[PDB]
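File shown: run-v2.txt. Contents: compact mmCIF, C-alpha atoms and all ligand atoms.
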# COMPACT_ATOMS: atom_id res chain seq x y z
CA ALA A 32 -47.00 37.37 -0.12
CA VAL A 33 -45.31 40.28 -2.07
CA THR A 34 -43.61 40.57 -5.44
CA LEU A 35 -40.81 43.22 -5.35
CA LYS A 36 -39.90 44.58 -8.72
CA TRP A 37 -36.17 45.30 -8.93
CA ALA A 38 -34.89 47.62 -11.64
CA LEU A 39 -31.34 46.72 -12.46
CA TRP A 40 -28.97 46.25 -15.40
CA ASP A 41 -27.14 43.39 -17.13
CA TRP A 42 -28.97 40.51 -15.43
CA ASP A 43 -27.20 37.76 -17.41
CA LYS A 44 -23.64 39.11 -16.90
CA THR A 45 -24.06 40.12 -13.26
CA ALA A 46 -23.43 37.10 -11.05
CA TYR A 47 -24.61 38.45 -7.71
CA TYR A 48 -28.30 39.29 -8.37
CA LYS A 49 -29.50 35.70 -8.38
CA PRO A 50 -27.72 34.52 -5.20
CA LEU A 51 -28.77 37.67 -3.41
CA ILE A 52 -32.40 36.90 -4.27
CA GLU A 53 -32.01 33.21 -3.27
CA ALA A 54 -30.26 34.08 0.00
CA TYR A 55 -33.00 36.56 0.95
CA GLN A 56 -35.87 34.29 -0.22
CA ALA A 57 -34.34 31.48 1.90
CA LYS A 58 -35.00 33.65 4.98
CA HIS A 59 -38.20 35.41 3.76
CA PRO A 60 -39.93 32.92 1.43
CA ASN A 61 -43.07 35.10 1.09
CA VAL A 62 -41.08 37.81 -0.80
CA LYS A 63 -40.49 37.07 -4.46
CA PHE A 64 -38.71 39.16 -7.06
CA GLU A 65 -39.23 40.29 -10.54
CA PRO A 66 -35.96 41.64 -11.86
CA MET A 67 -36.60 44.31 -14.48
CA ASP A 68 -33.45 44.55 -16.65
CA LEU A 69 -33.26 48.10 -18.21
CA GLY A 70 -29.82 47.65 -19.85
CA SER A 71 -26.57 49.39 -18.99
CA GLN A 72 -26.03 51.57 -22.06
CA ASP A 73 -28.21 54.42 -20.71
CA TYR A 74 -29.68 52.96 -17.55
CA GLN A 75 -29.98 56.43 -16.00
CA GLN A 76 -32.52 57.49 -18.64
CA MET A 77 -34.36 54.21 -18.64
CA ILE A 78 -34.91 54.16 -14.82
CA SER A 79 -35.93 57.85 -14.91
CA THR A 80 -38.61 57.01 -17.56
CA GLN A 81 -39.83 54.06 -15.50
CA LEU A 82 -40.28 56.28 -12.35
CA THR A 83 -42.29 59.03 -14.12
CA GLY A 84 -45.93 59.89 -13.56
CA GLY A 85 -45.85 58.69 -9.97
CA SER A 86 -45.48 55.13 -11.23
CA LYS A 87 -45.27 52.52 -8.51
CA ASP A 88 -44.42 49.58 -10.79
CA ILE A 89 -40.83 49.55 -9.40
CA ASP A 90 -39.91 48.92 -5.80
CA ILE A 91 -36.13 48.51 -5.60
CA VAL A 92 -34.02 50.95 -7.64
CA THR A 93 -30.39 50.09 -8.40
CA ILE A 94 -28.14 53.10 -8.79
CA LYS A 95 -25.27 52.67 -11.17
CA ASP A 96 -22.96 55.50 -10.11
CA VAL A 97 -22.85 58.86 -8.37
CA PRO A 98 -24.33 60.85 -11.32
CA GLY A 99 -27.27 58.40 -11.42
CA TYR A 100 -27.72 58.97 -7.68
CA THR A 101 -27.64 62.72 -8.11
CA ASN A 102 -30.18 62.59 -10.92
CA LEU A 103 -32.60 60.43 -8.97
CA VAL A 104 -32.44 62.71 -5.94
CA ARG A 105 -32.91 65.83 -8.12
CA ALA A 106 -36.00 64.22 -9.71
CA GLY A 107 -37.31 63.23 -6.25
CA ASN A 108 -37.66 59.59 -7.38
CA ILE A 109 -36.11 57.83 -4.36
CA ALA A 110 -36.95 57.73 -0.67
CA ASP A 111 -34.88 59.44 2.02
CA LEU A 112 -33.33 56.62 4.09
CA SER A 113 -31.89 58.74 6.87
CA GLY A 114 -34.41 57.78 9.52
CA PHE A 115 -34.34 54.12 8.57
CA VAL A 116 -30.52 53.99 8.76
CA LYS A 117 -30.51 55.74 12.15
CA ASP A 118 -33.32 53.57 13.65
CA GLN A 119 -31.74 50.35 12.46
CA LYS A 120 -28.46 51.55 13.96
CA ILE A 121 -26.55 50.71 10.80
CA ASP A 122 -22.91 51.45 11.58
CA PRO A 123 -21.44 53.63 8.77
CA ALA A 124 -17.79 53.02 9.80
CA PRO A 125 -17.18 49.92 7.64
CA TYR A 126 -18.27 51.80 4.49
CA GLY A 127 -15.09 53.92 4.91
CA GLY A 128 -16.71 57.32 4.56
CA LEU A 129 -19.09 56.50 1.67
CA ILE A 130 -22.23 57.03 3.77
CA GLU A 131 -21.21 60.60 4.50
CA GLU A 132 -20.04 61.10 0.87
CA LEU A 133 -23.61 60.17 -0.26
CA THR A 134 -25.33 62.41 2.27
CA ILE A 135 -26.84 65.49 0.58
CA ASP A 136 -27.96 68.21 3.03
CA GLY A 137 -28.22 65.72 5.88
CA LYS A 138 -30.16 63.20 3.84
CA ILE A 139 -29.13 59.81 2.39
CA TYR A 140 -31.15 58.16 -0.30
CA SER A 141 -29.20 55.04 -1.11
CA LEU A 142 -27.32 52.28 0.66
CA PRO A 143 -24.14 51.38 -1.23
CA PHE A 144 -23.72 47.66 -1.87
CA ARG A 145 -20.63 47.54 -4.09
CA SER A 146 -17.61 49.85 -4.07
CA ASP A 147 -14.27 49.50 -5.80
CA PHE A 148 -11.39 51.62 -4.57
CA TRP A 149 -7.88 52.39 -5.81
CA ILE A 150 -4.84 50.21 -4.90
CA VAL A 151 -1.55 49.28 -6.56
CA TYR A 152 -0.96 46.00 -8.26
CA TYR A 153 2.63 44.84 -8.70
CA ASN A 154 4.52 42.11 -10.52
CA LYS A 155 6.79 40.17 -8.06
CA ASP A 156 8.92 38.76 -10.95
CA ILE A 157 10.01 42.27 -11.92
CA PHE A 158 10.89 43.22 -8.33
CA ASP A 159 12.73 39.89 -7.80
CA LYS A 160 14.70 40.18 -11.00
CA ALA A 161 15.79 43.74 -10.08
CA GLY A 162 16.48 42.85 -6.42
CA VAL A 163 14.09 45.60 -5.29
CA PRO A 164 11.93 44.69 -2.30
CA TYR A 165 8.17 44.44 -2.93
CA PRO A 166 6.10 47.59 -2.30
CA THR A 167 4.74 48.05 1.24
CA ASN A 168 1.33 49.18 2.51
CA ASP A 169 2.88 52.50 3.47
CA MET A 170 4.27 54.28 0.42
CA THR A 171 4.27 57.92 -0.39
CA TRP A 172 3.88 58.92 -4.07
CA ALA A 173 7.50 60.07 -3.98
CA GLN A 174 8.51 56.58 -2.90
CA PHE A 175 6.29 55.01 -5.53
CA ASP A 176 8.01 57.14 -8.23
CA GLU A 177 11.50 56.28 -6.91
CA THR A 178 10.66 52.59 -7.16
CA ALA A 179 9.12 53.02 -10.63
CA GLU A 180 12.26 54.78 -11.81
CA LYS A 181 14.55 51.98 -10.38
CA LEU A 182 12.50 49.22 -12.02
CA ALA A 183 12.42 50.92 -15.41
CA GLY A 184 15.20 49.82 -17.72
CA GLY A 185 16.63 46.94 -19.59
CA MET A 186 17.13 46.37 -23.28
CA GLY A 187 15.05 43.93 -25.42
CA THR A 188 13.17 41.21 -23.44
CA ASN A 189 14.54 42.98 -20.33
CA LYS A 190 12.65 46.17 -21.34
CA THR A 191 10.38 47.03 -18.43
CA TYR A 192 8.46 50.06 -17.31
CA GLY A 193 8.39 50.68 -13.54
CA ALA A 194 4.74 51.64 -13.64
CA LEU A 195 1.79 52.37 -15.94
CA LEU A 196 -0.48 55.41 -15.50
CA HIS A 197 -3.59 54.71 -17.56
CA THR A 198 -4.95 57.45 -19.84
CA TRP A 199 -7.88 58.34 -17.58
CA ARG A 200 -7.31 61.65 -15.89
CA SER A 201 -7.93 59.88 -12.60
CA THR A 202 -4.56 58.11 -12.54
CA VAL A 203 -2.84 61.51 -12.26
CA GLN A 204 -5.56 63.53 -10.49
CA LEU A 205 -6.86 61.21 -7.75
CA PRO A 206 -3.69 61.35 -5.66
CA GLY A 207 -4.47 65.11 -5.41
CA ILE A 208 -7.77 64.67 -3.47
CA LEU A 209 -6.42 62.18 -0.95
CA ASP A 210 -5.60 64.88 1.62
CA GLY A 211 -9.28 65.96 1.83
CA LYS A 212 -8.47 69.62 1.06
CA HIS A 213 -9.83 69.69 -2.48
CA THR A 214 -12.35 67.81 -4.65
CA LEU A 215 -12.37 67.65 -8.44
CA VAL A 216 -15.84 69.25 -8.86
CA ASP A 217 -15.35 72.72 -7.23
CA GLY A 218 -13.24 75.82 -7.66
CA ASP A 219 -9.50 76.16 -8.35
CA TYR A 220 -7.54 73.26 -9.93
CA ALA A 221 -4.12 74.81 -9.13
CA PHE A 222 -3.72 72.18 -6.37
CA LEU A 223 -3.13 69.56 -9.11
CA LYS A 224 0.19 71.16 -10.14
CA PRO A 225 2.65 68.84 -8.34
CA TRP A 226 0.45 65.86 -9.25
CA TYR A 227 0.86 66.67 -12.95
CA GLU A 228 4.58 67.36 -12.51
CA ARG A 229 5.35 63.93 -11.08
CA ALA A 230 3.40 62.18 -13.86
CA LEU A 231 5.08 64.24 -16.60
CA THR A 232 8.49 63.43 -15.06
CA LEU A 233 7.83 59.69 -15.11
CA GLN A 234 6.77 59.93 -18.72
CA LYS A 235 9.66 62.10 -19.93
CA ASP A 236 12.07 59.62 -18.24
CA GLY A 237 10.47 56.53 -19.89
CA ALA A 238 9.64 54.97 -16.50
CA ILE A 239 6.02 54.58 -17.66
CA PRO A 240 4.43 54.28 -21.10
CA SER A 241 3.77 57.66 -22.66
CA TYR A 242 0.23 59.05 -22.70
CA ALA A 243 0.45 59.76 -26.43
CA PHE A 244 1.41 56.20 -27.24
CA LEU A 245 -1.39 54.78 -25.06
CA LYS A 246 -3.89 57.14 -26.82
CA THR A 247 -2.81 56.48 -30.40
CA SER A 248 -2.43 52.71 -29.84
CA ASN A 249 -5.51 52.46 -27.63
CA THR A 250 -3.62 49.98 -25.47
CA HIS A 251 -5.65 48.91 -22.47
CA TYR A 252 -3.69 48.91 -19.16
CA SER A 253 -4.46 45.27 -18.70
CA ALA A 254 -2.64 44.19 -21.88
CA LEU A 255 0.66 45.56 -20.71
CA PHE A 256 0.35 44.35 -17.14
CA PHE A 257 -0.63 40.92 -18.56
CA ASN A 258 2.51 41.06 -20.78
CA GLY A 259 4.65 41.14 -17.67
CA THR A 260 6.47 44.40 -18.49
CA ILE A 261 4.91 46.69 -15.89
CA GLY A 262 6.27 46.77 -12.30
CA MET A 263 3.40 48.66 -10.68
CA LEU A 264 -0.16 49.52 -11.70
CA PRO A 265 -2.32 51.98 -9.79
CA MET A 266 -5.90 50.78 -10.59
CA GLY A 267 -9.27 50.04 -9.06
CA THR A 268 -10.06 46.87 -7.19
CA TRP A 269 -12.15 45.63 -10.20
CA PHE A 270 -8.85 44.43 -11.69
CA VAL A 271 -8.41 41.84 -8.90
CA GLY A 272 -10.98 39.42 -10.33
CA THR A 273 -9.74 40.08 -13.88
CA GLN A 274 -6.11 39.36 -13.02
CA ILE A 275 -7.23 36.20 -11.15
CA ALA A 276 -9.19 34.96 -14.12
CA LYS A 277 -6.53 35.77 -16.69
CA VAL A 278 -3.66 34.24 -14.72
CA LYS A 279 -5.83 31.09 -14.51
CA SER A 280 -6.38 31.11 -18.32
CA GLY A 281 -2.76 31.90 -19.09
CA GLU A 282 -3.63 35.20 -20.85
CA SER A 283 -1.86 37.06 -17.97
CA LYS A 284 1.80 36.19 -17.66
CA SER A 285 2.19 38.23 -14.44
CA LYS A 286 1.32 35.15 -12.37
CA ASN A 287 3.42 36.27 -9.37
CA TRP A 288 1.67 39.36 -8.20
CA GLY A 289 0.36 41.20 -5.19
CA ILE A 290 -1.44 44.28 -4.11
CA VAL A 291 -0.81 47.11 -1.70
CA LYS A 292 -2.63 50.13 -0.43
CA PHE A 293 -2.88 53.20 -2.58
CA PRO A 294 0.16 55.38 -1.97
CA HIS A 295 -0.52 58.42 0.14
CA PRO A 296 0.66 62.00 -0.06
CA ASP A 297 2.89 63.14 2.80
CA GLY A 298 0.89 63.37 6.04
CA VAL A 299 -2.12 61.37 4.87
CA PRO A 300 -2.73 58.00 6.47
CA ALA A 301 -1.84 54.99 4.33
CA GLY A 302 -4.90 53.31 2.94
CA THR A 303 -6.59 56.62 2.18
CA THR A 304 -8.10 56.19 -1.33
CA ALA A 305 -10.82 56.98 -3.88
CA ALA A 306 -13.82 54.92 -4.82
CA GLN A 307 -16.73 54.27 -7.18
CA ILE A 308 -20.05 52.90 -5.94
CA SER A 309 -23.29 51.23 -6.81
CA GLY A 310 -26.24 51.55 -4.50
CA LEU A 311 -29.76 50.46 -3.77
CA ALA A 312 -32.72 52.64 -3.20
CA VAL A 313 -36.48 52.56 -2.81
CA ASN A 314 -38.90 54.14 -5.27
CA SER A 315 -40.55 57.08 -3.50
CA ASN A 316 -43.87 55.73 -4.84
CA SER A 317 -43.37 52.06 -3.94
CA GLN A 318 -46.35 50.46 -2.20
CA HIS A 319 -44.01 47.97 -0.45
CA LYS A 320 -41.62 50.26 1.33
CA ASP A 321 -41.21 47.98 4.35
CA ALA A 322 -40.28 44.93 2.30
CA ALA A 323 -38.03 46.95 -0.08
CA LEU A 324 -36.19 48.63 2.83
CA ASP A 325 -35.48 45.22 4.45
CA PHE A 326 -34.11 43.83 1.23
CA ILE A 327 -31.89 46.80 0.54
CA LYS A 328 -30.56 46.68 4.11
CA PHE A 329 -29.78 42.97 3.69
CA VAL A 330 -27.96 43.54 0.36
CA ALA A 331 -25.81 46.41 1.62
CA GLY A 332 -25.11 44.81 5.00
CA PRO A 333 -22.86 41.89 6.04
CA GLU A 334 -24.93 39.11 4.66
CA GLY A 335 -25.31 40.65 1.21
CA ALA A 336 -21.62 41.72 1.31
CA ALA A 337 -20.62 38.07 1.75
CA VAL A 338 -22.71 37.08 -1.26
CA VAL A 339 -21.31 39.90 -3.39
CA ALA A 340 -17.75 39.09 -2.36
CA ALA A 341 -18.21 35.36 -3.17
CA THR A 342 -18.81 36.38 -6.81
CA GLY A 343 -15.44 38.24 -6.95
CA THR A 344 -17.02 41.70 -6.66
CA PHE A 345 -15.96 44.16 -3.96
CA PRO A 346 -18.92 45.05 -1.74
CA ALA A 347 -19.33 48.48 -0.17
CA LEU A 348 -18.83 47.00 3.29
CA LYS A 349 -15.14 46.46 4.08
CA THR A 350 -14.72 44.27 7.12
CA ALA A 351 -12.78 41.32 8.44
CA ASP A 352 -15.40 38.92 7.12
CA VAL A 353 -15.42 40.44 3.62
CA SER A 354 -11.59 40.44 3.54
CA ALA A 355 -11.52 36.79 4.46
CA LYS A 356 -13.91 35.88 1.65
CA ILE A 357 -12.00 37.94 -0.92
CA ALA A 358 -8.54 36.72 0.10
CA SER A 359 -9.74 33.07 0.20
CA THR A 360 -10.56 33.24 -3.53
CA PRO A 361 -8.20 30.86 -5.30
CA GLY A 362 -5.58 32.96 -7.12
CA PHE A 363 -5.78 35.90 -4.75
CA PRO A 364 -2.22 36.74 -3.56
CA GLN A 365 -1.51 34.95 -0.28
CA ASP A 366 0.91 37.44 1.27
CA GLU A 367 -0.25 39.25 4.42
CA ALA A 368 0.19 42.72 2.95
CA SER A 369 -2.22 42.01 0.09
CA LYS A 370 -4.94 40.96 2.50
CA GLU A 371 -4.37 44.00 4.68
CA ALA A 372 -4.87 46.29 1.65
CA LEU A 373 -8.52 45.12 1.35
CA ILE A 374 -9.84 47.49 4.04
CA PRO A 375 -9.19 51.17 3.31
CA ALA A 376 -8.65 53.75 5.99
CA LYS A 377 -10.95 56.16 4.21
CA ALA A 378 -12.51 56.38 0.75
CA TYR A 379 -13.35 59.61 -1.10
CA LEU A 380 -15.69 59.40 -4.12
CA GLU A 381 -13.73 60.00 -7.36
CA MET A 382 -16.31 62.66 -8.25
CA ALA A 383 -18.43 64.12 -5.44
CA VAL A 384 -22.17 64.67 -5.85
CA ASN A 385 -22.56 67.53 -8.34
CA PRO A 386 -25.30 68.19 -10.86
CA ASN A 387 -22.75 69.19 -13.53
CA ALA A 388 -20.49 66.13 -13.17
CA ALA A 389 -20.79 65.01 -16.83
CA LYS A 390 -20.03 68.53 -18.12
CA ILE A 391 -17.14 68.85 -15.65
CA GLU A 392 -15.65 65.56 -17.03
CA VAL A 393 -15.58 67.05 -20.48
CA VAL A 394 -13.63 70.15 -19.29
CA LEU A 395 -11.21 68.14 -17.16
CA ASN A 396 -10.56 65.42 -19.77
CA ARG A 397 -9.83 67.95 -22.51
CA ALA A 398 -7.27 69.79 -20.42
CA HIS A 399 -5.80 66.53 -19.12
CA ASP A 400 -5.24 65.36 -22.67
CA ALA A 401 -3.58 68.68 -23.62
CA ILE A 402 -1.22 68.59 -20.61
CA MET A 403 -0.15 64.97 -21.02
CA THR A 404 0.57 65.36 -24.78
CA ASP A 405 2.83 68.42 -24.03
CA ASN A 406 0.40 70.71 -25.89
CA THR A 407 -0.33 73.01 -22.95
CA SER A 408 1.78 73.78 -19.92
CA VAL A 409 0.61 72.46 -16.54
CA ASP A 410 -0.20 75.98 -15.28
CA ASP A 411 -2.14 76.84 -18.45
CA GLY A 412 -3.98 73.48 -18.34
CA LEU A 413 -5.13 73.90 -14.72
CA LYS A 414 -6.30 77.44 -15.49
CA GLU A 415 -8.37 75.97 -18.37
CA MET A 416 -9.96 73.44 -15.95
CA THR A 417 -10.69 76.22 -13.42
CA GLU A 418 -12.14 78.65 -15.95
CA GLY A 419 -13.93 75.99 -18.00
CA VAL A 420 -15.76 74.58 -15.00
CA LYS A 421 -16.76 78.04 -13.72
CA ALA A 422 -18.23 78.81 -17.15
CA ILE A 423 -20.56 75.77 -17.13
CA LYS A 424 -24.19 76.81 -17.52
CL CL A 501 4.32 62.29 -2.04
CL CL A 502 -19.46 56.04 -8.79
Conversion result in structure tokens:
Amino acid sequence: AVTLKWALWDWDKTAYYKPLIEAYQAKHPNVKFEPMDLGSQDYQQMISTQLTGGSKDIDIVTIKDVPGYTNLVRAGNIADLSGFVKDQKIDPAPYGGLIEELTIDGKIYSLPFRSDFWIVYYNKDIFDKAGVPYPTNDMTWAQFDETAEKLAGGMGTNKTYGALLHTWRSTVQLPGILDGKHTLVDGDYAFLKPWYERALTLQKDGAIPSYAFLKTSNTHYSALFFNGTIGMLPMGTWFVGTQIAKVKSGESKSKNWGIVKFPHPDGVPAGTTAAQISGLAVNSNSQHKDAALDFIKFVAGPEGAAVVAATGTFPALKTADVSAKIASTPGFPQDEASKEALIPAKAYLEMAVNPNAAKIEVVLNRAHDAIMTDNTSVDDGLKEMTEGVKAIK
């Protein structure tokens, strides 16, 4: 008989915690759970405080994002799982590279259990009306831009944008890490030059909404895609469940839709993408390491992945079984290509492990905003990213 205390966030709004607990307790009825909800607004601080002074009150530590992971490892608050993973023979391949991404000097301290990655959503009505065939699961970014440009046009009610690049720097920058040659945390940002050029071209041509208009109006990407005036939307997989729900309620008018794989740069395999994660970990000072390790393995593995997926959340595991559960959700697009897009070839983290990530964000966002508003040239903006990040202390 053990009670595992599970530090987590947003208990009432997070549909998967309860069924995960009930599914595990069904097989191990002697293990019970006290969920400790520390809130999302500054979870990182709150879990840090709760792990101080060698405290053993917490067993299972949820990790919100990569910076939270990095902080916990720097503080020494979570157990190395390397040996456990190896002994249990947990196959890393269906995590798409995330295990390796989370390995810090040969050591892994969390098992990812949810991971959203980047894809493209498209509105079939806009393709049909223009007589342009639907996007495929093998598109280069040059092809994507050609299609966006063809779809953009019309007057009045006919007025359509071929695509929408949201105001986050990631919509422009992520395509630039997909070849594996650079990350967005280290060194010289010159590599981003063609990536900015293509985005600025789309904008200057009116094929996508302008960055300045999106910033001044604060228009969320969903509102325009819901309006039915956007052909193609590069966005994370989180938008799948949202689009499903809103098409059901009638708030989204883009009721004929699909997804495809993230476009790839020349010479990169289709389905190469970027991702965000949440993970589970064990308090270094837990007195119930065995029980905690078994639970976190369950959650991150196929059984937990099925439970997560049944709530309309993308688990970290990407397999045939997870794809079937996702694509069987009523409202999920029933074309073959959409289902095939659910398992990436390879996922890079949007932002690699780096202790200065939050400070880097500030430098990159400022320059991004200057470039996209035509206030600094691309070359000058990338120089500002390179020099600003170097100067972080
Ligand atoms: Cl390209
Ligand atoms: Cl993340």
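Taking atom CA of residue 248 of chain A as the reference point, atom CA of residue 72 of chain A is found at 24.9 Å.
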Q. Atom CA of residue 349 of chain A and atom CA of residue 374 of chain A are how many Å apart?
A.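 Between atom CA of residue 349 of chain A and atom CA of residue 374 of chain A the gap is 5.4 Å.
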Q.
List as a VMD selection string the protein and nucleic acid residues near residue 292 of chain A, meaning an atom at most 10 Å away when all atoms listed in the file are counted, but skip any in the same chain fewer than 6 places from it.
A. chain A and resid 148 to 152 166 to 170 265 301 to 304 368 to 376
Q) Within 12 Å of ligand CL 502 (chain A), counting all atoms listed in the file, which protein or nucleic acid residues do you find, written as a PyMOL selection string? A) chain A and resi 94-101+129+132-133+143-148+267+305-310+347+378-385+388
Store the residues picked out above in a file with C-alpha atoms, as a CSV table (one decimal), in the frame of the given file.
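Result went into selection01.csv, see below:
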chain,number,residue,atom,x,y,z
A,94,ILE,CA,-28.1,53.1,-8.8
A,95,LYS,CA,-25.3,52.7,-11.2
A,96,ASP,CA,-23.0,55.5,-10.1
A,97,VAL,CA,-22.8,58.9,-8.4
A,98,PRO,CA,-24.3,60.8,-11.3
A,99,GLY,CA,-27.3,58.4,-11.4
A,100,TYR,CA,-27.7,59.0,-7.7
A,101,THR,CA,-27.6,62.7,-8.1
A,129,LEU,CA,-19.1,56.5,1.7
A,132,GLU,CA,-20.0,61.1,0.9
A,133,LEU,CA,-23.6,60.2,-0.3
A,143,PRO,CA,-24.1,51.4,-1.2
A,144,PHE,CA,-23.7,47.7,-1.9
A,145,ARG,CA,-20.6,47.5,-4.1
A,146,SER,CA,-17.6,49.8,-4.1
A,147,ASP,CA,-14.3,49.5,-5.8
A,148,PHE,CA,-11.4,51.6,-4.6
A,267,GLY,CA,-9.3,50.0,-9.1
A,305,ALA,CA,-10.8,57.0,-3.9
A,306,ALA,CA,-13.8,54.9,-4.8
A,307,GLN,CA,-16.7,54.3,-7.2
A,308,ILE,CA,-20.0,52.9,-5.9
A,309,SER,CA,-23.3,51.2,-6.8
A,310,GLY,CA,-26.2,51.6,-4.5
A,347,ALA,CA,-19.3,48.5,-0.2
A,378,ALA,CA,-12.5,56.4,0.8
A,379,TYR,CA,-13.4,59.6,-1.1
A,380,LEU,CA,-15.7,59.4,-4.1
A,381,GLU,CA,-13.7,60.0,-7.4
A,382,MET,CA,-16.3,62.7,-8.2
A,383,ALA,CA,-18.4,64.1,-5.4
A,384,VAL,CA,-22.2,64.7,-5.8
A,385,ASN,CA,-22.6,67.5,-8.3
A,388,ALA,CA,-20.5,66.1,-13.2
Q | Residues near residue 261 of chain A, cut-off 8 Å, all atoms listed in the file, skip fewer than 5 positions along chain, as JSON, numbers by chain | A | {"A": [153, 154, 157, 191, 192, 193, 194, 195, 255, 256]}
Q: Give the answer as one residue: which of A:315, A:204, A:198, A:361 has the shortest atom-to-atom distance to residue 274 of chain A, using only C-alpha atoms?
A: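 Nearest to residue 274 of chain A: A:361.
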Q. So, counting all atoms listed in the file, which residue among A:280, A:141, A:316, A:171 is closest to ligand CL 501 (chain A)?
A. A:171
At a cut-off of 12 Å, can you tabulate as JSON lines every residue of chain A near ligand CL 501 (chain A) together with its closest atom pair and the distance in Å to one decimal, using only C-alpha atoms and all ligand atoms and ordering rows by chain then number?
{"residue": "A:169", "atom": "CA", "partner": "A:CL501", "partner_atom": "CL", "distance": 11.3}
{"residue": "A:170", "atom": "CA", "partner": "A:CL501", "partner_atom": "CL", "distance": 8.4}
{"residue": "A:171", "atom": "CA", "partner": "A:CL501", "partner_atom": "CL", "distance": 4.7}
{"residue": "A:172", "atom": "CA", "partner": "A:CL501", "partner_atom": "CL", "distance": 4.0}
{"residue": "A:173", "atom": "CA", "partner": "A:CL501", "partner_atom": "CL", "distance": 4.3}
{"residue": "A:174", "atom": "CA", "partner": "A:CL501", "partner_atom": "CL", "distance": 7.1}
{"residue": "A:175", "atom": "CA", "partner": "A:CL501", "partner_atom": "CL", "distance": 8.3}
{"residue": "A:176", "atom": "CA", "partner": "A:CL501", "partner_atom": "CL", "distance": 8.9}
{"residue": "A:177", "atom": "CA", "partner": "A:CL501", "partner_atom": "CL", "distance": 10.6}
{"residue": "A:206", "atom": "CA", "partner": "A:CL501", "partner_atom": "CL", "distance": 8.8}
{"residue": "A:207", "atom": "CA", "partner": "A:CL501", "partner_atom": "CL", "distance": 9.8}
{"residue": "A:209", "atom": "CA", "partner": "A:CL501", "partner_atom": "CL", "distance": 10.8}
{"residue": "A:210", "atom": "CA", "partner": "A:CL501", "partner_atom": "CL", "distance": 10.9}
{"residue": "A:225", "atom": "CA", "partner": "A:CL501", "partner_atom": "CL", "distance": 9.2}
{"residue": "A:226", "atom": "CA", "partner": "A:CL501", "partner_atom": "CL", "distance": 8.9}
{"residue": "A:228", "atom": "CA", "partner": "A:CL501", "partner_atom": "CL", "distance": 11.6}
{"residue": "A:229", "atom": "CA", "partner": "A:CL501", "partner_atom": "CL", "distance": 9.2}
{"residue": "A:230", "atom": "CA", "partner": "A:CL501", "partner_atom": "CL", "distance": 11.9}
{"residue": "A:293", "atom": "CA", "partner": "A:CL501", "partner_atom": "CL", "distance": 11.6}
{"residue": "A:294", "atom": "CA", "partner": "A:CL501", "partner_atom": "CL", "distance": 8.1}
{"residue": "A:295", "atom": "CA", "partner": "A:CL501", "partner_atom": "CL", "distance": 6.6}
{"residue": "A:296", "atom": "CA", "partner": "A:CL501", "partner_atom": "CL", "distance": 4.2}
{"residue": "A:297", "atom": "CA", "partner": "A:CL501", "partner_atom": "CL", "distance": 5.1}
{"residue": "A:298", "atom": "CA", "partner": "A:CL501", "partner_atom": "CL", "distance": 8.8}
{"residue": "A:299", "atom": "CA", "partner": "A:CL501", "partner_atom": "CL", "distance": 9.5}
{"residue": "A:300", "atom": "CA", "partner": "A:CL501", "partner_atom": "CL", "distance": 11.9}
{"residue": "A:301", "atom": "CA", "partner": "A:CL501", "partner_atom": "CL", "distance": 11.5}
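For the residues A:181, A:251, A:212, A:138, ranking by smallest atom-to-atom distance to residue 199 of chain A using all atoms listed in the file places A:251 first.
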Q: Step by step: start from the point (-6.3, 61.3, -15.6) in the file's coordinates, keep every protein, DNA or RNA residue that has an atom no farther than 12 Å from it, count all atoms listed in the file, and write the set as a ChimeraX atom specification.
A: /A:196-207,215,223,226-227,230-231,242,265-266,381,392-393,395-403
For the selection just defined, write its residues with C-alpha atoms to a file, as a compact mmCIF listing (two decimals), in the frame of the given file.
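The resulting file, again_8.txt, is shown below:
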# COMPACT_ATOMS: atom_id res chain seq x y z
CA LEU A 196 -0.48 55.41 -15.50
CA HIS A 197 -3.59 54.71 -17.56
CA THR A 198 -4.95 57.45 -19.84
CA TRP A 199 -7.88 58.34 -17.58
CA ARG A 200 -7.31 61.65 -15.89
CA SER A 201 -7.93 59.88 -12.60
CA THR A 202 -4.56 58.11 -12.54
CA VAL A 203 -2.84 61.51 -12.26
CA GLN A 204 -5.56 63.53 -10.49
CA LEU A 205 -6.86 61.21 -7.75
CA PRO A 206 -3.69 61.35 -5.66
CA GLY A 207 -4.47 65.11 -5.41
CA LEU A 215 -12.37 67.65 -8.44
CA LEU A 223 -3.13 69.56 -9.11
CA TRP A 226 0.45 65.86 -9.25
CA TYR A 227 0.86 66.67 -12.95
CA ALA A 230 3.40 62.18 -13.86
CA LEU A 231 5.08 64.24 -16.60
CA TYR A 242 0.23 59.05 -22.70
CA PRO A 265 -2.32 51.98 -9.79
CA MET A 266 -5.90 50.78 -10.59
CA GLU A 381 -13.73 60.00 -7.36
CA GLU A 392 -15.65 65.56 -17.03
CA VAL A 393 -15.58 67.05 -20.48
CA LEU A 395 -11.21 68.14 -17.16
CA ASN A 396 -10.56 65.42 -19.77
CA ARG A 397 -9.83 67.95 -22.51
CA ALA A 398 -7.27 69.79 -20.42
CA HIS A 399 -5.80 66.53 -19.12
CA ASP A 400 -5.24 65.36 -22.67
CA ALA A 401 -3.58 68.68 -23.62
CA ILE A 402 -1.22 68.59 -20.61
CA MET A 403 -0.15 64.97 -21.02
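Shortest separation to residue 238 of chain A among A:260, A:45, A:81, A:406 occurs at residue A:260, atoms counted being all atoms listed in the file.
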Q) What does the distance from atom CA of residue 417 of chain A to atom CA of residue 243 of chain A come to in Å, to one decimal? A)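 Here the two named atoms are 23.8 Å from each other.
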